[PDB]
Amino acid sequence: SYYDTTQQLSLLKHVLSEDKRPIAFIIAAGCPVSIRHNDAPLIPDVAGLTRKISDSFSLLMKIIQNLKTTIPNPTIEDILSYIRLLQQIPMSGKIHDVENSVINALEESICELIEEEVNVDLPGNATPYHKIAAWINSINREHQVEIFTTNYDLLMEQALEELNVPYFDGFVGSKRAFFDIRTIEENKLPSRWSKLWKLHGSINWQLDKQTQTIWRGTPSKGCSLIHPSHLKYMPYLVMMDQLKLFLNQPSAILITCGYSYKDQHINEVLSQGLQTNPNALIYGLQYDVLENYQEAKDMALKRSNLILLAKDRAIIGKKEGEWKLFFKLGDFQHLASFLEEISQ
Amino acid sequence: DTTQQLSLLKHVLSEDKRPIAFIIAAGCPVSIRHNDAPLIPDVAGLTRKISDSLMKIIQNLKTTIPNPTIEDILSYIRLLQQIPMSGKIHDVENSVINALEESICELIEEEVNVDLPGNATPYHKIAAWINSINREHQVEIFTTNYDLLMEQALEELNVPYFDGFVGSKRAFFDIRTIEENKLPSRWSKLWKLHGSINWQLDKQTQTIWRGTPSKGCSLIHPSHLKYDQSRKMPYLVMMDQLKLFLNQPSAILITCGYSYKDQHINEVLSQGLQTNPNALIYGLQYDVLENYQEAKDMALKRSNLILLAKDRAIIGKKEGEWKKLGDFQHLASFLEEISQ
Amino acid sequence: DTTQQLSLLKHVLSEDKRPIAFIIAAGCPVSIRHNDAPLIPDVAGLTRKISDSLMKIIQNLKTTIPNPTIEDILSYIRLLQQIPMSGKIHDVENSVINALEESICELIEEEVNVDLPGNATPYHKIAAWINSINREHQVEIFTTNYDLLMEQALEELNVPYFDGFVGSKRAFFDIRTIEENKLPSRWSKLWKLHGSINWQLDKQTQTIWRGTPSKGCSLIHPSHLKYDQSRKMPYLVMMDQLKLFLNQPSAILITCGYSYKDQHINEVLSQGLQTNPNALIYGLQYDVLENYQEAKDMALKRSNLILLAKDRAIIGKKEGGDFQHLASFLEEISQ
Amino acid sequence: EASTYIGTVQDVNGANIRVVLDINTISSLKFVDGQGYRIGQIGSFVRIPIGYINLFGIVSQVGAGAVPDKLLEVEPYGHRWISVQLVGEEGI
Amino acid sequence: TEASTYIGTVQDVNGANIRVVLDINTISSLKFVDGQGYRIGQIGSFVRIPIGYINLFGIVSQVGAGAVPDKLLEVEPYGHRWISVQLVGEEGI
């Protein structure tokens, strides 16, 4: 009923010191929050973004109340999905009773505001991202380390470039950088080359004309494919398949930091992977009380090979217990320092 | 006869075996005409464009140099700006050499920023032929141009290529992955010897990073200080990759539009031909055979080099005679016919 | 002239060790005559019959779209259905949508529920020609019709066919049968891109079980939500199977009645033609050659593409149809 | 195979079992619902279930000392054998 | 690849008598570390075996044909690159 921090820390140190076993990562919105350039963090959290959209913009506020009838407090993703659905229907302006084209103007305004807010550079070489990048280059592992992100910024890319870290995000090309899909499944990539997948897109995505071919590059004004999933009839599907395929590797380990497990598709994929492969292990790291994560505790009770780490609570092997607050590893900077110490 | 040469070339190139490589000079944009005008003119076109855009330096170099080009002018300007008090040649209070350097660099970058026309481009035919061959020995392409046309067309054809730079809008210069060569077979290599129009240096160090075209600033004809080495490498490693391809068992090589006017290239190709007798080169000439004295001398010296022109065909270090492939659109049509 | 590619098609049919298949569109059953009338109404006929049985939505869609089809109408109706307060967009009281879609589904259900005629059907001749060949390469046929006429034709000659489903009145969807693709060579495979009135979904979960046609619910034109981690109503599995068949060693494939009016099919066809250099499509055109602009563009872009029409023939990217006639030609070639 | 699985019996000498560690090597952790136990330690116990009852044993030798004679002649580079000595059993 | 201060890998355990195979290619003389000259495994020297987070220390007790295991001599009688290490203590957190 009581757990020792030092035992888990030693277990993690032994795990990370291994070379052949595949490793991965998940970087959520809670990671950039732990890094601050001004008094506030360089990038706000999801709640901060929602509040900024709400107070920055009676007809406009109708949509927020309309979605709240069947769902809890709406977020950026829900609002963007509703705008996409509204644009799907041609004569959808009668619901808001505001013409039939103000939706496009609002979408352009919010996209421009999000791009302006997110297009920030991380200052200083002492950022945890640089520490992680250095740690990746320290040990020449037999299998490269993959990285999954659900953010919108390009902090990981810039950190990787700063320390000369080769990678491959599924895009090849200098000017247009068209999406190559056969080389992803062929998977005869360089051994030293790492991989980075942005599950929710970023500012460098732009959609072409009726050809609809996706490409990445310099962001353009009034265009940003920062849509989480949007809709289609796609890179998102192959990225999900890549994650699921990785989770089936023998003795695979996946580490989550700053992720609140609020999503449903990701949790379903993780549960399916854990059930399919009995040897996979996932380290759920939190920076709050475990009572806030109902889905995470439900999944930890359902699955046996899932480990959760919170400030004052932990669930290990279907047996919730208490620490001997504690577990200072929840913060992203502490994780980076641990990785740097392990590499050194 | 010409027909025997064409048949031999078809049955040695179309066969899948030895690695394939092309060299593309500044003459390739001449052969494509848009709105009854060339997309990008020859080097002389850019030179007198700059001229009509301070002749003192031009006649100063003209005393010991024949009709000059832009590369000589910019190299001379760079050599001037190395010296702190370099104005004694031209007035005082050094600003002209700088102002000239920027004015010409963004002028060239504006002149070269051209979009490729529709699906009739021969580059599309070359890319389709490249996608039509899945041989283990991939095709590496060397170019002396500055534009993005070839890789633009290749991206429009949905094919992979590696150019020594990896990353994003601030992609650095990958160095080691050049010479572990641990790359997928389907991938191809693209090398631009004289540089691109998007490469930009850095104040902290020689980073020569590739990404979004920097405002005004660009890197053309790398000729700066090379004492540091490693950094600002691409030129040397480009010649190194050329030499490695020249060596090794490779019974195939194609040229297109090369004028044989590069000392750093003629010497290395001669050295490779002398070192590798098994390899062969199929250098062409979109002009009369008499306009290339250096090419004639190289053909006389090295027998492995094969030189063909409109006037005649030099085979086996011996001058021949006729009794079509010079046109680059005709070359693309021939490639398509061979593939089909 | 015509004898050239007639002999060519006869020879390539006589060329074994390569897979063969066909694509069945709505034109082939439409051109089939039952009691001096078409067996299956065409797309225009189907739209006219639907209109025979609330044209505000049609008028609104006509503003940005020309004379539509049944698929567009049903997709628009469903799109309004997902939106909760979509009734205010078109009048009020968003209950007419459910009744309208139920009535449309019923009308289609008894419209396409037509039994196949006797032994004079060319479908039987096609099945006999397929079964008369003992080549190891099995034939997988993809169709666009909403009926099960080909199923009846294949079952009338005791020919082994697999449609991705197996079981009973509540037969499920075996997913990994396509994955390992381990089936005897004697068996054949079938796929319905848009489905028939046989498939029906389930309330508890998206299972699209196949079985006895249920009263009220039918699955047609799969375009529903795909957020259930696949296996909801996957036409993507059929598209992936088509891509795999295009990824195997190159073979020349034919089609019947295709109008080249499917962007999803056209995109994957172009991708397969680009990936496989020698891949050839023998799609014909039982109409004017100028009436198929997409086919002409595809032939111009893809050299390996082969197009034949009643008035002309596009071979080698340069310009120069009856299902019963094709069946008779195949039967003659078999003997 | 299920978790808490080590290898396979390949010898028996009355009260001295020789066991083969399986091919999934390099791991040496074998996580079982949280905590992971190092495989084939000197003092560790093992369990051999036979149908309905389980047989327990204590490791005594690890490495080249446990591998039989002929295998070393076949290949001297492979030492993935342990020597388990029986102790007791658990009834119904 | 392998970091400095590398000697070999454990190949046999007998409770408190470890046997180590030297993985050094050749030149078992003066493996320089931190600008200081240490010698490859010798009778009076110590070794360190790191296990995840704690380091086990030991002392060499036998070098040569004596440390070779039981049947390794039977398989080949001319191979002698083994050492016998006896554990002494450990360093905690």
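Couple of notes before you dig in:
- In order along the stretch D:31-48, phi translates into HN-Hα couplings of 4, 10, 6, x, 5, x, 10, 4, 7, x, 7, 5, x, 6, 9, 9, 10, 10 Hz, rounded to whole numbers, per the Karplus curve 6.51 cos²θ - 1.76 cosθ + 1.60 with θ = phi - 60° and x for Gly and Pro.
- Taking the fewest neighbouring Cβ atoms within 10 Å as the starting point, the ordered list for B:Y286, A:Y283, A:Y152 is A:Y283, B:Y286, A:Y152.
- Shielding of peptide C:82-89 by partners, expressed as the average count of other chain Cβ atoms within 10 Å per residue Cβ, is 5.
- In chain A, the DSSP beta bridges split such that about 35 percent are antiparallel, to the nearest 5.
- D:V62 sits among other residues whose Cβ lies under 10 Å from its own Cβ, and their net charge, with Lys and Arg +1 and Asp and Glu -1, is 0.
- Mean Cα-pair separation over length for chain D, i.e. relative contact order, pairs under 8 Å, 6 or more apart, %: 29 percent
- Sites A:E116 and A:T70, calculated FRET efficiency, Cβ-Cβ separation with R0 30 Å, nearest 0.05: 0.40
- Where labels lie 7 Å past Cα in the beta-carbon direction, separation of C:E15 and A:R84 in nm: 4.5 nm
- Here the label points at C:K301 and B:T205, each 7 Å from Cα along the C-beta direction, are separated by 4.7 nm in the simple model.
- Residues in the stretch D:1-38 reached by a label modelled at D:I48 [backbone nitrogen below 14 Å; 7 Å Cα→Cβ]: D:6-21
- Relative contact order for the stretch A:135-198, counting Cα pairs under 8 Å that sit 6 or more residues apart, in percent: 52 percent
- B:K192, B:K232, C:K310, B:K203 arranged by Cβ crowding within 10 Å, fewest neighbours leading: B:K203, C:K310, B:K232, B:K192
- Chain C: radius of gyration over Cα atoms, expressed as a fraction of 2.2 N^0.38 Å: 1.04
- Computed from the C-beta positions of C:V237 and C:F172 and an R0 of 22 Å, the FRET efficiency is 0.95 to the nearest 0.05.
- Tensor-based shape of the protein assembly as shown (alpha-carbon gyration tensor, a/c under 1.5 rounded, otherwise prolate or oblate): rounded
- Around C:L46: net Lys/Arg minus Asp/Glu count, Cβ-Cβ under 11 Å: -2
- When the listed pairs B:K203/B:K232; A:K195/B:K189; C:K243/C:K318; A:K175/B:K17 are checked against a 23 Å cut-off, the alpha-carbon distance exceeds it for C:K243/C:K318; A:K175/B:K17.
- The stretch A:214-343: antiparallel DSSP beta bridges as a percent of all, rounded to 5: 45 percent
- The packing ranking of peptides A:173-185, C:100-112, highest mean first, is A:173-185, C:100-112, where packing means the average number of other beta carbon atoms within 10 angstrom of each residue.
- For the pair the stretch A:53-70 / the stretch B:30-86, the C-alpha centres are spaced 62 Å from each other.
- Note on E:14-25: average number of Cβ atoms from other chains within 10 Å of each residue's Cβ is 2.
- Taking other C-beta atoms within 10 angstrom as a stand-in for reagent exposure, B:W187, E:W82 fall in the order B:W187, E:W82, fewest first.
- Per-residue mean of C-beta atoms belonging to partner chains within 10 Å, peptide D:60-73: 5
- Taking label positions 7 Å along the Cα-Cβ direction at both C:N181 and D:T8, the computed distance is 3.2 nm, reported to one decimal.
- Among beta bridges that DSSP assigns inside the protein assembly as shown, antiparallel share in %, nearest 5: 60 percent
- GNM flexibility winner over chain E from E:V75, E:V47, E:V63 (Cα, springs under 10 Å): E:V75
Laboratory data are not the source of any read-out in this text; all were calculated from the coordinates shown. A quick note on method: Cβ atoms are made from the backbone with ideal geometry, for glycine too, and the neighbour counts reach across all protein chains shown.
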